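Enquirer: The deposited numbering numbers the first residue of the sequence shown as 2 and each following residue consecutively.
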Amino acid sequence: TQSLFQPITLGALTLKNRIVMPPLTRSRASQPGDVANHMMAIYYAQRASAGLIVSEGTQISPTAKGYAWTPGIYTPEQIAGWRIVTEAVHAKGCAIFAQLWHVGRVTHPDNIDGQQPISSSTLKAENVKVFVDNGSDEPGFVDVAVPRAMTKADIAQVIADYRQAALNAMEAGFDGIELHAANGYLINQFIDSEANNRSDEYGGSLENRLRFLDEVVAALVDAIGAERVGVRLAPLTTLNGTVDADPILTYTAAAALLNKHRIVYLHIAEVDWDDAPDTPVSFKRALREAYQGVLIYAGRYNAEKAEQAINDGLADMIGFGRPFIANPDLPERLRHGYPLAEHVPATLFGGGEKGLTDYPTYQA
Ligand SMILES: Cc1cc2nc3c(=O)[nH]c(=O)nc-3n(C[C@H](O)[C@H](O)[C@H](O)COP(=O)(O)O)c2cc1C
Ligand SMILES: Oc1ccc(Cl)cc1
Ligand SMILES: Oc1ccc(Cl)cc1
Ligand SMILES: Oc1ccc(Cl)cc1
């Protein structure tokens with residue numbers, strides 16, 4: 002755990018340790034308005050012993066939302082709500098990035114103002130469900146709708162929304178933003194070959210499939226600086242059903258592309274729930290060469306595996322998702338080998354402070 006508790010520079014920031022609280026959707030946003038709120042500020046501040054916190058996915062526009070009660074980052078109220086969160090976190094001495102979210106085809110019209118979902122293509126995410134609370138029917142999971150393929154104008158608009166969302170994040174006092182390009186959401190729907198059947202310059206070739214990622218990142222960097230832009234990829238998991246034919250190649254290329262932008266960190270999601278594909282060390286070694294910034298991994302890490310990943314030269318920082326839910330003082334527990342509480346799946350999403358802010362710190 003020695004390396005794990007070494008500080009690290011992240012752009013202009015000097016982080017206290019190598020531990021990341023990765024994005025964790027808790028769907029606690031105040032209704033109506035999907036506004037980041039007090040319990041969320043407390044929740045994040047409780048966990049501010051992390052070296053870096055990355056917020057739960059936060060939708061960049063009304064049509065970017067996939068799930069009921071997730072916080073937005075496009076209205077003045079939403080920005081103000083996030084500001085209280087970032088101030089609460091900053092009061093503790095911690096860095097926090099906003100994960101900018103566009104779910105693309107992984108949504109339902111009820112979650113996006115009756116609009117049709119957008120995507121690279123008109124392919125539905127098969128067997129994929131999102132959660133809806135439309136005010137009329139009893140809230141619950143529903144099948145995603147069929148998306149429409151983005152036009153060049155849609156692409157320009159979404160890039161605009163990402164760019165503005167980044168400015169909004171800075172206005173909300175975030176230290177940076179993380180582009181959610183993972184888990185089968187909008188950008189992932191362009192990247193992964195089986196989710197992209199476009200015939201224009203945004204589909205087909207590997208270079209084309211990465212074009213949307215390229216242009217979104219260009220915008221983000223232009224807006225707030227590369228030192229404040231991170232990106233998250235999930236090369237091998239297939240959460241929400243985007244599949245690539247050659248993920249090892251696609252994502253090593255993507256890492257190289259992102260390296261050209263000099264994004265401050267690349268965040269690799271290795272595991273999603275029980276979707277834990279073998280991530281070859283040789284792949285990780287290739288990513289380490291393709292991308293020369295701060296490399297973050299999350300997925301079933303414990304203290305031992307985290308430390309080894311760092312000492313092996315594979316990772317610079319390690320995210321702990323589920324353990325951070327149930328252990329606000331996760332770093333302290335990891336350092337001392339204190340037993341980790343386990344989270345209650347039933348209170349992961351929705352509800353109030355219960356299962357959010359009432360996981361106690363460790364007490365012998
Ligand atoms: C309840 C929950 C919500 C999550 N929300 C997000 C999300 O908003 N954005 C994202 O990129 N990953 C999300 N993830 C994935 C986690 O960030 C993390 O990568 C994953 O849980 C694997 O790490 P772990 O085994 O330490 O939990 C979420 C995971 C869980 C369990
Ligand atoms: O946004 C969400 C996601 C999952 C659940 Cl159970 C409720 C709301
Ligand atoms: O610009 C702002 C607004 C609110 C707070 Cl707490 C701090 C800075
Ligand atoms: O990327 C994501 C987003 C939301 C959730 Cl619940 C899990 C993973």
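Each residue gets a CB set at the ideal place from its N, CA and C atoms; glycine is no exception.
With respect to the alpha helix (DSSP H) encompassing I188, which residues constitute its N-terminal and C-terminal limits?
Expert: The residue labelled residue 188 in the question sits at position 187 within the sequence shown. Its alpha helix (DSSP H) spans residues 187-192.
Enquirer: Using only Cβ atoms and a threshold of 6 Å, which residues come within that distance of a heavy atom of ligand 2? Order them by chain position.
Expert: Output, sorted by chain position: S28, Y68, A69, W70, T71, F132, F350, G351.
Enquirer: From which residue to which residue does the alpha helix (DSSP H) around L259 run?
Expert: For the purposes of this step, residue 259 is taken as the residue at position 258 of the sequence shown. That run of the alpha helix (DSSP H) goes 248-261.
Enquirer: Which ranges would you report for the beta strand (DSSP E) in the stretch 68-151 if only whole runs of at least 3 residues count?
Expert: The stretch 68-151 contains these whole beta strand (DSSP E) runs: 96-102, 130-133, 141-144.
Enquirer: Pairs of beta-carbons, one from the stretch 164-178 and one from the stretch 57-77, closer than 8 Å: are there three or more?
Expert: Touching, yes, given that three or more Cβ pairs across the two stretches are closer than 8 Å.
Enquirer: Can you tell me the Cα-Cα spacing of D359 and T123, whole angstroms?
Expert: For the purposes of this step, residue 359 is identified with residue 358 of the sequence shown, where counting begins at 1. For the purposes of this step, residue 123 is identified with residue 122 of the sequence shown, where counting begins at 1. Cα-Cα distance, rounded: 43 Å.
Enquirer: Could you tell me if the beta carbon of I85 falls within a distance shorter than 8 Å of some heavy atom in ligand 3?
Expert: The residue you call residue 85 lines up with position 84 of the sequence shown. For ligand 3, at least one heavy atom lies less than 8 Å from the Cβ of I85.
Enquirer: Just curious, the beta strand (DSSP E) that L296 is in, first and last residue?
Expert: Along the sequence shown, read from residue 1 onward, the residue named residue 296 stands at position 295. Note, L296: beta strand (DSSP E), 295-299.
Enquirer: By the three-class DSSP mapping on this structure, what secondary structure does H181 have?
Expert: Along the sequence shown, read from residue 1 onward, the residue named residue 181 stands at position 180. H181 falls in the strand class under three-state DSSP.
Enquirer: Determine whether the beta carbon atoms of residue 379 and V104 lie at a separation below 9 Å.
Expert: Nothing about residue 379 can be reported from this structure: the residues present for the chain run from 2 to 365 only.
Enquirer: So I326 is in the alpha helix (DSSP H); what residue range does that whole segment cover?
Expert: Position 325 of the sequence shown, counted from the first residue, corresponds to residue 326. Counting along the chain, the alpha helix (DSSP H) containing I326 begins and ends at 323-327.
Enquirer: Put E57 into one of helix, strand or coil per three-state DSSP.
Expert: Position 56 of the sequence shown, counting from 1, holds the residue named residue 57. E57 falls in the strand class under three-state DSSP.
Enquirer: Is it buried or exposed for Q364, if we count other Cβ within 10 angstroms and need 16 for buried?
Expert: For the purposes of this step, residue 364 is taken as residue 363 along the sequence shown, with counting starting at 1. Per the 10 Å Cβ criterion, exposed.
Enquirer: What's the C-alpha gap between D247 and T15?
Expert: Locating residue 247 in the sequence shown gives position 246, counting from the first residue. Locating residue 15 in the sequence shown gives position 14, counting from the first residue. The straight-line gap from Cα to Cα measures roughly 36 Å.
Enquirer: So, for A307: in the same chain, excluding its five sequence neighbours on each side, which residues have a beta-carbon less than 6 Å away from its beta-carbon?
Expert: Taking the sequence shown and counting its residues from 1, one reaches residue 307 at position 306. Cβ within range, chain order: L5, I319.
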